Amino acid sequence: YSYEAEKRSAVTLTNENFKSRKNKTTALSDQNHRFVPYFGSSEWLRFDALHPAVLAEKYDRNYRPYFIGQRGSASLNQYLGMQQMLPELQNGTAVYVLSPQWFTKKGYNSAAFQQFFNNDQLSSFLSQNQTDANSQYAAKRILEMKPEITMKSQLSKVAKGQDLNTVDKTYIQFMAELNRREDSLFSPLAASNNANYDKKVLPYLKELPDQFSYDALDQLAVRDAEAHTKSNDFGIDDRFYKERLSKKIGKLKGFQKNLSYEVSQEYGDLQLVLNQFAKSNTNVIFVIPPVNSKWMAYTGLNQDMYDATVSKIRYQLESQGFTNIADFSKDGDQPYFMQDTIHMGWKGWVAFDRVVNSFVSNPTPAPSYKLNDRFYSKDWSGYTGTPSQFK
């Protein structure tokens, strides 16, 4: 199609590009250039010389990352976006960052939900009619997020477990067909490429060593990280620090004293993605990032709560077959692991590379998964004892 068109779609990172079926399926099915999907939220915007985009370009790897996510795109929105690219996951390989900031009790806004959801994702969703627990929970959550919804009756039938009437099926495949065609019509202008690749990827190639060396990458990361953090003591990027933290830094101290990520509906939402990976036989590495621990000190973010959160996430993942886990939750104290407060960069990007690039450069079949419906449950949403003792 167009390698440079796909290259710039792969790092555009706009909401409209997230829900563009044409863009992502195009890049993810190109048979002459391999794009691998990287699911996460705002973490992908932290361009610097060690960002995965830059690395896979410089050393010309047997793939390029296609990024899928933006602030607020947690697992429910991710699952529904996945509904638009089902072939591209089949027997595929994928990176999926589990951001722990996701797992709050009330979750995100309905407004943040709308900016990734659309009716193509919903018609796709209803078109695959399986009245299983996963369908039911999906429908339940959608009606929770957007209660004044089109095709509400069908969503209520799916959410109660009931089978869809001949008339329902026909309606939903017709709306499917139209939404697909609307995507194909509007993605050219509605979902156009950024300057992100030209302005925040390619420049950085000047800085990387012609010959690959993790030691050289680490040195470059520390030099550049030092250049871009002389405005504070948290080792937080200058621009992020003046733009989001400078003004209210006093009012901030202590503000996370009691905040937890241990109870969340996002646990069930995650289950939706795991079901999707299994049904599509996808081989995934799940990335867990830590938080600048100096920051966690200043805000009171309790690291043992973080550790229990990570543990429960990992339990859900491993107990089912998903064992590829680049878990960096305890690496937040390493100088320049993070680029901001809760987003890794620089050295963190190199650590990210060390596990992920081996995973993605060397695709292997996906193991056998055993899914466990008890993870959609309210009890698992609230459970806080030892993860092993759930049953």
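All residue numbers refer to positions in the sequence shown, first residue = 1.
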368-376 set against 14-22, stretch whose average Cα temperature factor tops the other in the entry: 368-376
Mean C-alpha B-factor higher for 243-251, or for 111-119? 243-251
From the list 88, 168, 144, 266, select the residue with the highest C-alpha B factor recorded in the entry. 168
Reading the B-factor column for Cα atoms of 180, 228, 71, 140, the highest value belongs to 228
Check where residue 334 lands among this chain's C-alpha B-factors and tell me if it's the lowest, middle or highest third. middle
Going by the recorded CA B-factors, say which third of the chain residue 93 sits in, lowest, middle or highest. lowest
Residue 31: CA B-factor among chain residues, third -> highest
Ranked against its chain, the third holding the CA B-factor of residue 75: lowest
By the entry's values, the third containing the CA B factor of residue 203 is the middle
